[PDB]
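*Asks:* If you scroll down you'll find the structure; I have some questions about it.
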Protein chains: 4
Amino acid sequence: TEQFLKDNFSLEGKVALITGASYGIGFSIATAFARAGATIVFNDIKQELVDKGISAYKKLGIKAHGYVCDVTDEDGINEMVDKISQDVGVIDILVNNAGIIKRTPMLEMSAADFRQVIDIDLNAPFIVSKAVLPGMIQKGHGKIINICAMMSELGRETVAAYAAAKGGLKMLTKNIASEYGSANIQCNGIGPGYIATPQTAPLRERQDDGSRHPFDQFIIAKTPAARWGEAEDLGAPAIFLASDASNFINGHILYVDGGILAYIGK
Amino acid sequence: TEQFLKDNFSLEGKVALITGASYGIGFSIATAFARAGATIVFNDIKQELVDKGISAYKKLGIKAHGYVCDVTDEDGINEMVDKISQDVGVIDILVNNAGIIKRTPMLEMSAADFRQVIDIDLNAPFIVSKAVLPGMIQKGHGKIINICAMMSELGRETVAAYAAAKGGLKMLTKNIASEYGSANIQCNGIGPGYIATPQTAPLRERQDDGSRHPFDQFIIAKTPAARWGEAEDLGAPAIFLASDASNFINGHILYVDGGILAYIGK
Amino acid sequence: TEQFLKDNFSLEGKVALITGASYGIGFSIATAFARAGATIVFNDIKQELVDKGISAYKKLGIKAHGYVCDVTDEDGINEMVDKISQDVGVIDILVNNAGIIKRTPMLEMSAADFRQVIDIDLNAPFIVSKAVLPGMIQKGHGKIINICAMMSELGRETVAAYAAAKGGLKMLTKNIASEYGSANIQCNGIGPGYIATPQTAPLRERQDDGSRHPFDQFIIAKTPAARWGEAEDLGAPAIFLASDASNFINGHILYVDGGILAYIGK
Amino acid sequence: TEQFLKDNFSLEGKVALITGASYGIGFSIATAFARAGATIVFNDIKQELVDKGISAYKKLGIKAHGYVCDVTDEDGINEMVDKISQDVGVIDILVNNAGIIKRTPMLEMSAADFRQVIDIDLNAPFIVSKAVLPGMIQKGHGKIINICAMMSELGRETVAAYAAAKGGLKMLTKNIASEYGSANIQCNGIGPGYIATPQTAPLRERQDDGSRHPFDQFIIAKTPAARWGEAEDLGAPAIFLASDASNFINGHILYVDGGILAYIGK
């Protein structure tokens, strides 16, 4: 049964690009990919982080390829993509792990600032997808996986309209699946729930009487799983989405939330 | 055909409580109600606003009943409710127009602050509903209308978990409809789109070359209606929800958005 | 307050085409329209029905214009449309009330039969919409209302794929709203619940012991409204959708179901 | 990387009950489970089928345990369950593969017939779930997987109300996930698309000119994947749902549809 499990879930002989994965969530997702036989490629805006990245991967026994590129840089990404496509080879899997916009109150930011985020920052994951599609098509099999922002992510300002950008993960997932599914590309999403991170570690701090932090207690009650998400919880689900096992799954958002959205359906 | 239009859409001889409606959106919704024959009752946390309220209604030729109550005040609301029920009579229609929480970054606020918002602030619309149900049931017909925050509302911090409170409009709408529909109560919601307010008037400011503000231009492109919402757009829809015309409609969210959510469905 | 109620909800000086409305549901919807000041136009495949139609309308004190056309007839509908546009004038409101396909088991029907239903029968409401859009646009205001099949409709065979036709109400609603909302056309739907009809009157028959029919009892328990829908329940909601009151509502499915879909959300 | 792939996706030392899986879909799902190290248990209403079952499994090199039970038989299932729990041991995984009701037109069937389907036939998957929960809880880990009827399944009569039964997969999935997620049970669903079966093989028959059957051609156009589903496509997805890899996934419907639902979202 080793061969069966390998046939369906293995990522052997496949190049996987996971944007931003020099730490945190993208990182532990790439970690899981590597451990399933994938070749890891990732990026970040500045060199120091990339290095910290590779070091961190190495300590786990992973040879990662790390580049310096802004995901929002149009020409930059394309260069990074075909540069990967020689140094490392054809990208089989793209994990869009994009977000965390410069948090400037929508009334403080100038027209210049809007023009930027609307035209560039929000189109990032589309740019990166567009950059890697021609290859995947050539080779006859692609996996593009879009990771929605986790429900843990604090400080996000709700902007309903931004869901209508051509970038923007729920939209993008569905259009790429529709337009490019027939060239054997599967585009899907991960919807992470309340994933514990050091950022939200205060919201778990035990009280002076040793009772649970109020918010921590809310999350536990309202999550049927009765516990926070851990980054590791997204690992396997993401392989599944990157492996032959999900080849007839397209345009679907997989929610890794301990069933909280389902509790919101009673 | 005057009698027909009156039979289905009139709000004559019906008491309507619209929380917070001393200005802005709740105000223009109450304005429309009055003009359809309703009796207006509203509240606010402090007296000066209530007065400004009544003045504003009067100038339009509307006698409004204005009380001073915090929507979040448990005992306060109940008092306000039966006090209305003698001075003005049985509340037929409740318009929950609740939101705009003290915008303190979720990492700055203490456990005390969370304990408050989780247990009190988020349960407000449930408290106010609970306070007015026994009457509506007695009389044999209720309308509770929950107004989701408009897509125009800036500074809202996304907190997926808060949708699971028993207050919280999408949840509350569905439970009240389910539990109390058989006592002839119809609970539904309005989902306002990008409604122009003086707050977001900067986002409409014409540029130095006389071209459209970038964000303003986004909203127009992505809204099939090709224009922002105006408060007046919610008036009639809300009567409809408060009138005999919607008596076999329950647990439904009516979106007044110029079809932007539908564009997000391509 | 007569003028207010008229301004928002009246259908005066507006031509309304309601396909099939020579009896039943479309009929009582047209009945309500007329009573709100609309001019009624309707059709059917054969003359005898049309006549029965007009007679039925007349007895209620309504002058209806009745034509003979197959909704599926491409060239036929266009003729019927501009023929209406002279004899009666510009169609302001289109109510697509389309469905009830020849119930032949999907394995009994030949390729000829499929070719027909896929290419013609399912595109009907799109054909009729397409036929009336140029006028509505000219005049600067349209209402196209698509009436989903009621949950009462027995014998419907589930064919998930048919939702992907360009006809087909949920799809059509969203595309027309998106493409033509900016020419001030509002396209929306009614989703009728369990509407009592003489067809399903057996499912309400009291038992020999005077207890409720099992199915009748199911519907009452699972509908929060605790009763079946009546055709009349769709009347006002449909005006609302046809009146100035819903002008900033587009691409939305209004469910008139006594809150059963909401009970299915607990 | 064999140990990693085994840790997350293996079904070793786990008992899997897949109702009805003596042929067809449940069968190929069990086939895949076995090949991932699971122990297969299945049932059917009559002995001959069970035998045909075991034979079919054996030829593939699988020792299956086959019982005779009606899924709808209340007392019968419980017996079958604890009987399995000694002869085979604790059921770790339940795959509800329930449906295909006696297709009698809803107007032909008596109150007796309704009383049956409403109270018994529709509660089946709930009965079987209820029967296997106490064990899974004891052992500290359960997987209950509900397989929605495939979009391929012809002759299904649409009965919106039946979604409100406590059996009934979309409802059941969400309630079990909510109530029992905190005892470490993960309940989820598979939503199969247009899965090719010998039943619908006529709908794929090439025409006398060698062109594609009209319906076959529709499915290919409207499915972004551009091809029908095969039973094998549900195999891995179902393991994923049965394995440690999906432990923080609860109350979720996984659609294995080649992205057709997503095309219905444009």
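*Asks:* Obtain the radius of gyration and the Kirkwood radius of the protein assembly as shown from its C-alpha atoms and give Rg over Rh. Write down the numbers at each step before the final one.
*Replies:* On the way: Rg = 29.6 Å, Rh = 30.9 Å.
Rg/Rh: 0.96.
*Asks:* Peptide A:114-125: average number of partner chain Cβ atoms within 10 Å per residue?
*Replies:* On the way: counts 7, 5, 1, 2, 4, 2, 0, 0, 1, 0, 0, 0.
Averaged over the peptide's residues, the number is 2.
*Asks:* Same structure again: Determine the distance separating the Cα centre of the range D:159-177 from the Cα centre of the range C:218-266; give it in Å without decimals.
*Replies:* First find each Cα centre; the distance between them is then 21 Å.
*Asks:* Counting only other chains, and only Cβ atoms inside 10 Å, what mean value do you get across the residues of D:220-227? Let's see the in-between values first.
*Replies:* Numbers: counts 1, 3, 6, 7, 14, 11, 4, 4.
Taking all residues of D:220-227 together, the mean is 6.
*Asks:* Right, here's the next one. From the C-alpha gyration tensor of chain B, pull out the three semi-axes of the equivalent ellipsoid (sqrt of 5λ each), sorted largest to smallest, in whole Å. Provide the component values of the computation, followed by the final result.
*Replies:* Details: eigenvalues 166, 112, 76 Å².
Listed largest to smallest, the semi-axes of chain B are 29, 24, 20 Å.
*Asks:* Between copies, how far apart are the residue B:108 label points? List them in nm, one decimal, shortest first, with each point 7 Å from Cα toward Cβ, please?
*Replies:* List, nearest first: 1.0, 7.0, 7.1 nm.
*Asks:* Okay, next question. Please report the net charge: other residues with Cβ closer than 13 Å to the Cβ of residue C:170, K and R +1, D and E -1.
*Replies:* Details: positive: B:266, C:166, C:174, D:266; negative: none.
Neighbour charge sum, excluding residue C:170 itself: +4.
*Asks:* Using helices alone, what [θ] at 222 nm do you get for the protein assembly as shown, with -39,500 (n - 2.57) per DSSP H run of 4 or more residues, divided over all residues and rounded to the nearest 500?
*Replies:* Values: 40 runs with 408 residues, N = 1064.
The helix-only estimate for the protein assembly as shown comes to -11500 deg cm²/dmol at 222 nm.
*Asks:* Got a sec? Which residues in the range C:138-163 would a label at residue C:183 touch, if it sits 7 Å along Cα→Cβ and we count backbone N under 19 Å?
*Replies:* Only C:138-146 fall inside the zone, counting backbone N under 19 Å.
*Asks:* In whole Hz, with x marking every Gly and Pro, tabulate ³J(HN,Hα) for the range C:167-176 from phi via Karplus 6.51 cos²θ - 1.76 cosθ + 1.60, θ = phi - 60°.
*Replies:* x, x, 6, 4, 5, 4, 3, 5, 6, 4
*Asks:* Taking springs between alpha-carbon atoms closer than 10 angstrom, which of D:36, D:98, D:226 fluctuates most in the Gaussian network model of chain D?
*Replies:* Among D:36, D:98, D:226, the largest mean-square fluctuation in the Gaussian network model of chain D belongs to D:226.
*Asks:* Given +1 on the Cβ of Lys and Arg, -1 on the Cβ of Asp and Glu, and no further charges, what dipole in debye does chain C carry about its Cα centre, rounded to the nearest 20?
*Replies:* Using only the charged Cβ atoms, the result is roughly 480 debye.
*Asks:* If amide H atoms are built 1.01 Å from N in the plane of the peptide, which residues on other chains or at least 5 residues away come under 5 Å of the amide H of residue D:19?
*Replies:* D:95, D:97
*Asks:* Residues of D:170-176, mean number of Cβ from any other protein chain within 10 Å of their own Cβ, rounded to a whole number? Don't jump to the answer; show the numbers that get you there.
*Replies:* Values: counts 2, 5, 0, 3, 11, 4, 3.
Taking all residues of D:170-176 together, the mean is 4.
*Asks:* What longest region of chain A stays clear of GluC sites (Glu not before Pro) that DSSP places outside H, G, I, E and B and that have at most 14 other Cβ atoms within 10 Å?
*Replies:* Details: sites that count: A:12, A:108, A:205, A:230.
Answer from the scan: A:109-204.
*Asks:* Quick one: net charge of residue C:117's neighbours, Cβ under 15 Å, K/R +1, D/E -1? Mind dumping the intermediate values first?
*Replies:* Details: positive: C:102, C:103, C:115, C:156, C:166, D:222; negative: C:70, C:73, C:74, C:108, C:113, C:119, C:121, C:157, D:216.
Summing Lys/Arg as +1 and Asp/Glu as -1 gives -3.
*Asks:* Still on this structure, please answer the following. So what is the relative contact order for chain C, in percent, with contacts set as C-alpha pairs under 8 Å and at least six apart?
*Replies:* 19 percent
*Asks:* Oh, and also: In a shell of Cβ-Cβ distance under 9 Å around residue A:204, excluding residue A:204 itself, what net charge do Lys and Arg (+1) and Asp and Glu (-1) give? Display every interim value, and only then the final one.
*Replies:* Numbers: positive: A:206, A:212; negative: A:205, A:216.
Here the charged neighbours net out to 0.
*Asks:* Quick one: check the C-alpha center-to-center distance for the range C:1-75 versus the range B:46-115, whole angstrom.
*Replies:* That distance is 45 Å.
*Asks:* Go through the range A:1-96 and name the trypsin sites (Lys or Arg not before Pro) that are in a DSSP coil and have 10 or fewer other Cβ atoms within 10 Å of their Cβ.
*Replies:* Working: sites: A:6, A:14, A:35, A:46, A:52, A:58, A:59, A:63, A:83; in loops: A:14, A:35, A:46, A:63.
Sparse-neighbourhood loop trypsin sites (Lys or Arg not before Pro): A:46, A:63.
*Asks:* Taking springs between alpha-carbon atoms closer than 10 angstrom, which of A:150, A:171, A:106 fluctuates most in the Gaussian network model of chain A?
*Replies:* In the Gaussian network model the winner is A:106.
*Asks:* For the range D:161-198, state which trypsin sites (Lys or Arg not before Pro) are in a DSSP loop and have at most 15 other beta carbons lying within 10 Å of their beta carbon.
*Replies:* D:166
*Asks:* Between C:159, C:50, C:90, find the one with the highest GNM mean-square fluctuation for chain C; connect C-alpha pairs within less than 10 Å.
*Replies:* In the Gaussian network model the winner is C:159.
*Asks:* ³J(HN,Hα) across the range B:255-266 via Karplus (A = 6.51, B = -1.76, C = 1.60, θ = phi - 60°), whole Hz, x for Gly/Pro?
*Replies:* Taking θ as phi minus 60°, the curve returns 9, 9, 9, x, x, 6, 4, 6, 5, 5, x, 6 Hz for the range B:255-266.
*Asks:* Now, a different point. Take the rotation relating chain B to chain D, measure from its axis to every Cβ in chain B, and name the nearest residue with the distance in whole Å.
*Replies:* It is B:266, 1, counting Cβ atoms only.
All Cβ positions, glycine included, derive from the backbone under ideal geometry; neighbour counts span all protein chains shown. Here, each number is a calculation from the coordinates, and none is a lab measurement.
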